[PDB]
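Enquirer: Below you will find the structure I want to go over with you.
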Amino acid sequence: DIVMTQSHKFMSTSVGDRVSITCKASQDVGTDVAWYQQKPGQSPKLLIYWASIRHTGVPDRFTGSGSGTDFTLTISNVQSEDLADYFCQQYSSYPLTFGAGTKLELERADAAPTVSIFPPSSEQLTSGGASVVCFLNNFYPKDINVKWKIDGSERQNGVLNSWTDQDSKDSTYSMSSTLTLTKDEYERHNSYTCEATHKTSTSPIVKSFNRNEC
Amino acid sequence: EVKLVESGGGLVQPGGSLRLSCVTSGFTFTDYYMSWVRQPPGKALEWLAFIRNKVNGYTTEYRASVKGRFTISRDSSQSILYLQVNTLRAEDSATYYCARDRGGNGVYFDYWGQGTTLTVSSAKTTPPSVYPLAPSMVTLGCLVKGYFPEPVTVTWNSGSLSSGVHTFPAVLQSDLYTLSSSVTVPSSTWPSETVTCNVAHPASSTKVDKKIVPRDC
Ligand SMILES: [Zn+2]
Ligand SMILES: [Zn+2]
Ligand SMILES: [Zn+2]
Ligand SMILES: [Zn+2]
Ligand SMILES: [Zn+2]
């Protein structure tokens, strides 16, 4: 069937610049193209229909253009309230199909992460488990890598990682890493280390604690 | 004005059936095309079906993959749109959107509802375990472990503490989710004043408060 291909999953820009999000159709769809905006945790919102007609209430900054197979949604003077997902849609033939979407990421200066390490709580140790958590807050760019070290040796099994989307206030990213062990295994080692490799530092940021001191 | 509210989501075992509902308001319901669209996790939106207005005989059009499986219909005397689904599989897990259509047969979606989330799995509902995370600016946190299914909401100090809060999305492993939340407060406000995280898991009627107390080591 007809496939709407948005070549870019992510696009970088700054506040006040102009962005062009492209969308390519598998075959000729004329001008039967719509554009939508979707913010995290919110429903889609119609921006453009019939390739170039703005929906009621849509600001004049959003413009659509294109005919045949190539279409573009241009956002002049990017505001902070435009950090969202944008995708196209064709209604020339059934079934109706959407593009995979293109998320707008905001540019800013680099920032080193604030790293914090936490030992297991008494509530979990009473249950027989032992989880160690490492928070990595407010870094930029989003590219980062975290290693867990137990008594100096790297450990990969039992690790769970999670990343946030771009912060709506300072345009940074955050990540949490949880190393889950049993209480018996936790009591058989001393040092627990969370190592953060980021472009803002030639050497990794290291946070650790020793069980002998507690 | 225009308002759409979906209901019927939740956890359902594979091979089952259910009906989703969409309550509309703010516009003449029988005069507009209505449709259903699903959004799988990390996948593009997928149109399922739409039903025409009164002047077009209330006819329906279906995606070929769902014909014979999904059924769209309107209520006889109320502004409610339905979607019947049978033979549920794990691939049907998604957010299901109710939408009002424009453009005649050139269907586009001019207003979307909030959506309802459907999870198709055989895993058993499990309440969460909430563990505190304690060590000028100091960072605390809460660890939510071993629950199913999604979602879980987290607040700090019953909503009064919102600045500097990072709630990370849940991660699945061995049919159980794990979620964490962090908050950064000035050292002059803790532990001189209390800091408590609140965790809600409506699927198991769970609502836990966990006070963060300082540690000796
Ligand atoms: Zn990126
Ligand atoms: Zn057409
Ligand atoms: Zn060991
Ligand atoms: Zn409209
Ligand atoms: Zn933040």
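Every chain in the structure tokens takes a letter, A first, then B, and so on in the order presented; its residues are numbered from 1, and the ligands are numbered from 1 following the presented order.
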Find the residues around residue A:101 up to 10 Å (only C-alpha atoms counted), leave out those fewer than 4 positions away in its own chain, and share them as an NGL selection string.
Expert: (:A and (4-10 or 21 or 23 or 36-38 or 84-88)) or (:B and (43-45))
Enquirer: How close does chain A get to ligand 5? List, as a Markdown table, each residue of chain A within 12 Å, its nearest atom pair and the distance in Å to one decimal, counting only C-alpha atoms and all ligand atoms.
Expert:
| residue | atom | partner | partner_atom_place_in_ligand_line | distance |
| --- | --- | --- | --- | --- |
| A:113 | CA | ligand 5 | 1 (Zn) | 11.7 |
| A:114 | CA | ligand 5 | 1 (Zn) | 11.6 |
| A:136 | CA | ligand 5 | 1 (Zn) | 11.2 |
| A:137 | CA | ligand 5 | 1 (Zn) | 7.6 |
| A:138 | CA | ligand 5 | 1 (Zn) | 6.5 |
| A:139 | CA | ligand 5 | 1 (Zn) | 10.0 |
| A:164 | CA | ligand 5 | 1 (Zn) | 9.6 |
| A:165 | CA | ligand 5 | 1 (Zn) | 10.1 |
| A:166 | CA | ligand 5 | 1 (Zn) | 8.7 |
| A:167 | CA | ligand 5 | 1 (Zn) | 5.4 |
| A:168 | CA | ligand 5 | 1 (Zn) | 7.4 |
| A:169 | CA | ligand 5 | 1 (Zn) | 6.4 |
| A:170 | CA | ligand 5 | 1 (Zn) | 6.6 |
| A:171 | CA | ligand 5 | 1 (Zn) | 8.1 |
| A:172 | CA | ligand 5 | 1 (Zn) | 7.2 |
| A:173 | CA | ligand 5 | 1 (Zn) | 7.8 |
| A:174 | CA | ligand 5 | 1 (Zn) | 7.9 |
| A:175 | CA | ligand 5 | 1 (Zn) | 11.2 |
Enquirer: Which protein, DNA or RNA residues have an atom within 8 Å of ligand 1, counting only C-alpha atoms and all ligand atoms, as a list in words?
Expert: residues 10, 11, 12, 105 and 142 of chain A
Enquirer: Using only C-alpha atoms and all ligand atoms, which of A:54, A:207, A:61, A:198 sits nearest ligand 4?
Expert: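 Checking each candidate against ligand 4, we get A:54 as the closest.
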Enquirer: What residues in chain B get the DSSP label strand (DSSP E)? Please answer as a PyMOL selection string.
Expert: chain B and resi 3-7+10-12+18-25+33-39+46-51+60-62+70-74+80-85+94-102+108-112+116-120+129-133+137-147+153-156+165-167+171-173+176-186+196-201+206-211
Enquirer: Report as a VMD selection string which protein, DNA and RNA residues come within 7 Å of ligand 4, using only C-alpha atoms and all ligand atoms.
Expert: (chain A and resid 55 to 56) or (chain B and resid 102 110 to 111)
Enquirer: Just the selected residues (N, CA and C atoms), exported as a CSV table (one decimal), in the first residue's frame, please.
Expert:
chain,number,residue,atom,x,y,z
A,55,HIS,N,-5.3,24.4,10.1
A,55,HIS,CA,-6.5,24.2,10.8
A,55,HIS,C,-6.8,25.5,11.7
A,56,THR,N,-8.0,25.6,12.0
A,56,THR,CA,-8.5,26.7,12.9
A,56,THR,C,-7.7,26.7,14.2
B,102,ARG,N,-13.0,14.6,9.0
B,102,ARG,CA,-13.5,15.6,8.1
B,102,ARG,C,-13.0,15.2,6.7
B,110,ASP,N,-9.5,15.6,12.5
B,110,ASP,CA,-9.4,16.9,13.0
B,110,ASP,C,-9.5,17.1,14.5
B,111,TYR,N,-10.0,16.1,15.2
B,111,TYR,CA,-10.0,16.1,16.7
B,111,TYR,C,-9.9,14.7,17.2
Enquirer: Restricting the calculation to only C-alpha atoms, which member of A:128, A:141, A:44, A:158 is positioned closest to chain B?
Expert: A:44
Enquirer: Check every protein, DNA and RNA residue against ligand 2, keep those with an atom at most 10 Å away (counting only C-alpha atoms and all ligand atoms), and present them as number ranges by chain.
Expert: A: 29-33, 50, 90-93; B: 103-107
Enquirer: So that I can see what lies close to stretch 184-193 of chain A, please list as JSON, numbers by chain the residues with an atom at most 8 Å from it, counting only C-alpha atoms and leaving out residues fewer than 2 positions away in the same chain.
Expert: {"A": [128, 130, 148, 149, 150, 151, 152, 181, 182, 195, 206, 207, 208, 209, 210, 211, 212]}
Enquirer: Could you write out the selected residues, including N, CA, C and O atoms, as an mmCIF file, in the first residue's frame?
Expert:
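And here is the file that came out, result37.cif:
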data_model
loop_
_atom_site.group_PDB
_atom_site.id
_atom_site.type_symbol
_atom_site.label_atom_id
_atom_site.label_comp_id
_atom_site.auth_asym_id
_atom_site.auth_seq_id
_atom_site.Cartn_x
_atom_site.Cartn_y
_atom_site.Cartn_z
ATOM 1 N N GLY A 128 15.110 -9.599 51.399
ATOM 2 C CA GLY A 128 16.089 -10.487 50.811
ATOM 3 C C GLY A 128 16.704 -10.014 49.513
ATOM 4 O O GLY A 128 17.476 -10.766 48.908
ATOM 5 N N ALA A 130 18.562 -6.624 47.097
ATOM 6 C CA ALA A 130 19.516 -5.524 47.231
ATOM 7 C C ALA A 130 19.694 -4.883 45.854
ATOM 8 O O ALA A 130 20.344 -5.464 44.980
ATOM 9 N N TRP A 148 28.734 -0.454 35.571
ATOM 10 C CA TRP A 148 28.701 -0.807 36.983
ATOM 11 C C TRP A 148 29.920 -1.656 37.315
ATOM 12 O O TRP A 148 30.241 -2.600 36.586
ATOM 13 N N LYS A 149 30.595 -1.318 38.409
ATOM 14 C CA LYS A 149 31.784 -2.032 38.854
ATOM 15 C C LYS A 149 31.582 -2.516 40.281
ATOM 16 O O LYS A 149 31.231 -1.728 41.166
ATOM 17 N N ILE A 150 31.804 -3.809 40.498
ATOM 18 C CA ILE A 150 31.705 -4.428 41.814
ATOM 19 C C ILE A 150 33.094 -4.938 42.175
ATOM 20 O O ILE A 150 33.619 -5.844 41.515
ATOM 21 N N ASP A 151 33.691 -4.351 43.216
ATOM 22 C CA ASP A 151 35.053 -4.676 43.643
ATOM 23 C C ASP A 151 36.061 -4.492 42.510
ATOM 24 O O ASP A 151 37.059 -5.213 42.428
ATOM 25 N N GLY A 152 35.808 -3.525 41.629
ATOM 26 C CA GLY A 152 36.697 -3.230 40.529
ATOM 27 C C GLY A 152 36.389 -3.952 39.235
ATOM 28 O O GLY A 152 36.973 -3.606 38.199
ATOM 29 N N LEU A 181 20.596 -7.118 42.793
ATOM 30 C CA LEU A 181 21.255 -8.328 43.258
ATOM 31 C C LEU A 181 20.451 -8.926 44.403
ATOM 32 O O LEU A 181 19.532 -8.302 44.941
ATOM 33 N N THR A 182 20.804 -10.152 44.775
ATOM 34 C CA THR A 182 20.263 -10.736 45.990
ATOM 35 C C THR A 182 21.036 -10.223 47.201
ATOM 36 O O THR A 182 22.163 -9.733 47.088
ATOM 37 N N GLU A 195 30.017 4.313 36.916
ATOM 38 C CA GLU A 195 30.933 5.083 36.081
ATOM 39 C C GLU A 195 30.182 5.675 34.896
ATOM 40 O O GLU A 195 29.506 4.949 34.160
ATOM 41 N N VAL A 206 32.951 9.319 38.357
ATOM 42 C CA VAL A 206 32.893 8.109 39.170
ATOM 43 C C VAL A 206 32.216 8.433 40.495
ATOM 44 O O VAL A 206 32.567 9.417 41.155
ATOM 45 N N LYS A 207 31.247 7.602 40.878
ATOM 46 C CA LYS A 207 30.593 7.676 42.178
ATOM 47 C C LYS A 207 30.543 6.273 42.762
ATOM 48 O O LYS A 207 30.139 5.329 42.075
ATOM 49 N N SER A 208 30.953 6.132 44.021
ATOM 50 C CA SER A 208 31.059 4.810 44.620
ATOM 51 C C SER A 208 30.889 4.901 46.129
ATOM 52 O O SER A 208 30.982 5.977 46.724
ATOM 53 N N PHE A 209 30.634 3.745 46.739
ATOM 54 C CA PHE A 209 30.599 3.612 48.187
ATOM 55 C C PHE A 209 31.189 2.263 48.570
ATOM 56 O O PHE A 209 31.247 1.334 47.759
ATOM 57 N N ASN A 210 31.628 2.164 49.822
ATOM 58 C CA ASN A 210 32.229 0.951 50.358
ATOM 59 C C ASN A 210 31.346 0.401 51.467
ATOM 60 O O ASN A 210 30.937 1.144 52.366
ATOM 61 N N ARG A 211 31.055 -0.900 51.403
ATOM 62 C CA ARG A 211 30.202 -1.514 52.415
ATOM 63 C C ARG A 211 30.884 -1.566 53.776
ATOM 64 O O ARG A 211 30.201 -1.598 54.806
ATOM 65 N N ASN A 212 32.220 -1.579 53.804
ATOM 66 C CA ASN A 212 32.928 -1.632 55.079
ATOM 67 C C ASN A 212 32.740 -0.350 55.881
ATOM 68 O O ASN A 212 32.782 -0.383 57.116
#
Enquirer: Which residues are near stretch 190-205 of chain B? Cut-off 10 Å, only C-alpha atoms, ignore same chain within fewer than 2 positions. Put them as a compact mmCIF listing (two decimals) with C-alpha atoms, in the first residue's frame.
Expert:
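What landed in result-v2.txt:
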# COMPACT_ATOMS: atom_id res chain seq x y z
CA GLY B 10 -6.87 -2.28 30.72
CA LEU B 11 -5.30 -5.72 30.99
CA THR B 125 -1.42 -8.33 38.19
CA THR B 126 1.14 -7.61 40.92
CA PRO B 127 1.33 -4.66 43.35
CA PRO B 128 4.58 -2.67 43.56
CA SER B 129 7.26 -2.50 46.23
CA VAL B 130 8.41 1.04 47.05
CA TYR B 131 11.93 1.56 48.41
CA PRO B 132 13.45 4.90 49.45
CA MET B 137 21.56 20.68 46.74
CA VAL B 138 20.78 17.07 47.69
CA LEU B 140 16.64 11.89 46.90
CA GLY B 141 14.48 9.33 45.15
CA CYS B 142 12.10 6.39 45.27
CA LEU B 143 12.41 2.96 43.63
CA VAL B 144 9.26 1.19 42.39
CA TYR B 147 4.63 -4.47 39.60
CA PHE B 148 2.37 -5.30 36.66
CA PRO B 149 0.73 -3.91 34.60
CA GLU B 150 1.33 -0.28 33.66
CA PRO B 151 0.75 2.52 34.56
CA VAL B 152 2.16 3.87 37.84
CA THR B 153 1.98 7.55 38.84
CA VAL B 154 4.44 9.19 41.24
CA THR B 155 4.15 12.48 43.13
CA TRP B 156 6.29 14.12 45.81
CA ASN B 157 4.74 15.60 48.97
CA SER B 158 1.23 14.97 47.58
CA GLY B 159 1.86 17.21 44.56
CA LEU B 161 6.84 19.30 45.47
CA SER B 181 11.85 8.85 40.41
CA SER B 182 14.33 11.48 41.59
CA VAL B 183 13.99 14.89 43.25
CA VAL B 185 15.91 19.85 47.07
CA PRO B 186 18.10 22.37 48.91
CA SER B 187 20.01 20.91 51.85
CA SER B 188 18.48 23.57 54.12
CA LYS B 207 -1.33 3.82 47.07
CA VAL B 208 1.94 3.89 49.03
CA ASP B 209 3.59 6.77 50.88
CA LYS B 210 7.32 6.49 51.58
CA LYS B 211 9.09 9.02 53.80
CA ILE B 212 12.75 9.61 52.92
CA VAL B 213 14.81 9.60 56.13
CA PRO B 214 18.57 10.28 56.32
Enquirer: Please report the interatomic distance between atom CA of residue A:22 and atom CA of residue A:64 in Å with one decimal.
Expert: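 If I compute the distance from atom CA of residue A:22 to atom CA of residue A:64, I get 10.1 Å.
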Enquirer: Which is closest to ligand 3 among A:77, A:202, A:153, A:162, if we use only C-alpha atoms and all ligand atoms?
Expert: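 Checking each of A:77, A:202, A:153, A:162 against ligand 3, counting only C-alpha atoms and all ligand atoms, the winner is A:153.
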Enquirer: Need the shell around residue A:59: protein/DNA/RNA residues with any atom at most 12 Å away, counting only C-alpha atoms. Skip same-chain ones fewer than 5 positions apart. Format as a list in words?
Expert: residues 46, 47, 48, 53, 54, 75, 76, 77, 78, 79, 81 and 82 of chain A
Enquirer: For N, CA, C and O atoms, I'd like the residues from the last selection saved as a CSV table (one decimal), in the first residue's frame.
Expert:
chain,number,residue,atom,x,y,z
A,46,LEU,N,-4.3,18.2,15.0
A,46,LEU,CA,-4.2,18.5,13.6
A,46,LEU,C,-3.6,19.9,13.3
A,46,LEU,O,-4.1,20.9,13.9
A,47,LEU,N,-2.6,20.0,12.5
A,47,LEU,CA,-2.0,21.3,12.1
A,47,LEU,C,-2.4,21.7,10.7
A,47,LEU,O,-2.8,22.8,10.5
A,48,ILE,N,-2.2,20.8,9.7
A,48,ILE,CA,-2.4,21.2,8.3
A,48,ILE,C,-3.3,20.1,7.7
A,48,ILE,O,-3.2,18.9,8.0
A,53,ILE,N,-3.4,23.9,4.0
A,53,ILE,CA,-4.4,24.7,4.7
A,53,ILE,C,-4.2,24.5,6.2
A,53,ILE,O,-4.3,23.4,6.7
A,54,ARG,N,-4.0,25.6,7.0
A,54,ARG,CA,-3.9,25.5,8.4
A,54,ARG,C,-5.2,25.3,9.1
A,54,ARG,O,-6.2,25.9,8.7
A,75,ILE,N,8.3,25.1,10.1
A,75,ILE,CA,8.0,25.8,11.3
A,75,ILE,C,8.9,27.0,11.4
A,75,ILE,O,10.1,26.9,11.8
A,76,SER,N,8.4,28.2,11.1
A,76,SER,CA,9.2,29.4,11.2
A,76,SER,C,9.2,29.9,12.6
A,76,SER,O,8.2,29.9,13.3
A,77,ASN,N,10.3,30.4,13.1
A,77,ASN,CA,10.5,30.9,14.4
A,77,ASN,C,10.1,29.9,15.5
A,77,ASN,O,9.0,30.0,16.0
A,78,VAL,N,10.9,28.9,15.7
A,78,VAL,CA,10.6,27.8,16.6
A,78,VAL,C,10.5,28.3,18.0
A,78,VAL,O,11.4,28.9,18.5
A,79,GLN,N,9.3,28.0,18.6
A,79,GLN,CA,9.1,28.4,20.0
A,79,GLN,C,9.4,27.2,20.9
A,79,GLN,O,9.5,26.0,20.4
A,81,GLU,N,7.4,25.8,23.0
A,81,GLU,CA,6.2,25.0,23.0
A,81,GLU,C,6.0,24.2,21.7
A,81,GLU,O,4.9,23.6,21.5
A,82,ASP,N,7.0,24.1,20.9
A,82,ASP,CA,7.0,23.3,19.7
A,82,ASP,C,7.8,22.0,19.8
A,82,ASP,O,7.8,21.2,18.9
Enquirer: Name the closest residue to residue B:96 among the candidates B:166, B:215, B:19, B:124; distances are taken between atoms, counting only C-alpha atoms.
Expert: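 Using only C-alpha atoms, the shortest distance to residue B:96 belongs to B:19.
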